[PDB]
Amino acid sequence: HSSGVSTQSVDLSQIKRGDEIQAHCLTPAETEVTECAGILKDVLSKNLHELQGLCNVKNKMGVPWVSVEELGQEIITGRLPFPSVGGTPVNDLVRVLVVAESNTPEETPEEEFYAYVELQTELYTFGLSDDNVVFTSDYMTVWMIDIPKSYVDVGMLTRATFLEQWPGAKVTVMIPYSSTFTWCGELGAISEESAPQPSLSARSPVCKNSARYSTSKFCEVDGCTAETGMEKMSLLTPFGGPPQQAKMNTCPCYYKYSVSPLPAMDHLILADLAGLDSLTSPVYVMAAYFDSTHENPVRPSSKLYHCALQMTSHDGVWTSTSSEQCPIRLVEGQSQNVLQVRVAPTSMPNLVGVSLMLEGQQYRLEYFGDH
């Protein structure tokens, strides 16, 4: 296909200088391209597609070619389905790696491969100038740049300009959300006349109208009570979707916004996924939350953090990675054929969202806003 979502494990140990790439190319460090360039020149020269092994999650889509013959420009552009809230202005930067490439033609073209990529936001457009280049091969160029996290989110458009309609042409934005999780957004070119071909990626505002949850008045009506165990599930996986069924729970909105007493709960279920018996690739769940630490009322330090967990199948048994800091946890359900995303009730006030990523499906769950 020319669209989809995919996962894989990333073990730097078995990646040629994985630690150095990650530290000097995927982490805001030296404000010059020399370090990352030296590393990439040696690694990609021996293994041209090395960077693919660094993407924990890969989400791609096909976007129609669009021409401007006046200048011989073959352009592709689109809105990547960012897995979660970029961040708050209080956050640092994110060093994303940009990759433009295409198939190597059997015959030497009328010119050398070329592509200019730019990430534009409301106020500024981030251009990947030649000063951003960390690697150039016959049919592939890699740029590096630091962007404020809050900008890397829905609203950031991606544009790639080529001088020929190169086959297999595509641009990819590698985005490290944490030191151990990298989400790659890809835009693959499809024929002009073609219609956009987005991947199965949705964004859902679980708590539309947060004031509805200020009290317990609607508890009974929403089916969020001690009797049901605070579980009002709704389907995320559309009718003709992959054979894995994902559902989200809207009841936690009460634990995030209610000032009325609520049933004591050992844990809340934010979402679950069934069908693991046939899933042959790992599952990732990223959470975005504020720190539960105490603030200064005069200057509330609102820094947004990101943590991703991973469920994998080891000899048929599914187990999860864990983190003392991460508010969410992944546990098998009533049977190994199901996984549940859990959280302690008391963590909801600071939980901004969680995202579910697995083969052919990506769901971004927002506990704020109405969109």
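Note that residue numbering begins at 1 and tracks the sequence as displayed.
Undergrad: If you average the CA temperature factors over each stretch, which comes out higher, 186-194 or 281-289?
TA: Averaging CA B-factors over each stretch, the winner is 186-194.
Undergrad: Which has the higher mean CA temperature factor in the PDB entry, 226-234 or 255-263?
TA: It is 226-234 that shows the higher mean C-alpha B-factor.
Undergrad: Can you tell me which of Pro297, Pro243, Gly86, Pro81 has the highest Cα temperature factor in the record?
TA: Answer, based on the entry's C-alpha B-factors: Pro297.
Undergrad: Return the residue from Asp272, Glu220, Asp146, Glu112 that has the highest Cα B-factor in the entry.
TA: When the deposited C-alpha B-factors of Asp272, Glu220, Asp146, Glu112 are compared, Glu112 is largest.
Undergrad: For the chain shown, is the CA B-factor of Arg95 in the lowest, middle or highest third of its modelled residues?
TA: According to the entry, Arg95 has a C-alpha B-factor in the chain's middle third.
Undergrad: Looking at the C-alpha B-factor of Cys36, is it in the lowest, middle or highest third of its chain?
TA: For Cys36, whose C-alpha B-factor we compare with every modelled residue in the chain, the answer is the middle third.
Undergrad: Could you look up the Cα B-factor of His49 in the entry and say which third of the chain it sits in: lowest, middle or highest?
TA: According to the entry, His49 has a C-alpha B-factor in the chain's middle third.
Undergrad: Going by the entry, which third of its chain does the Cα temperature factor of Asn132 land in?
TA: Bottom third by C-alpha B-factor.
Undergrad: If you rank every modelled residue in this chain by C-alpha B factor, which third holds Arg203: lowest, middle or highest?
TA: Tercile = middle for this residue's CA B-factor.
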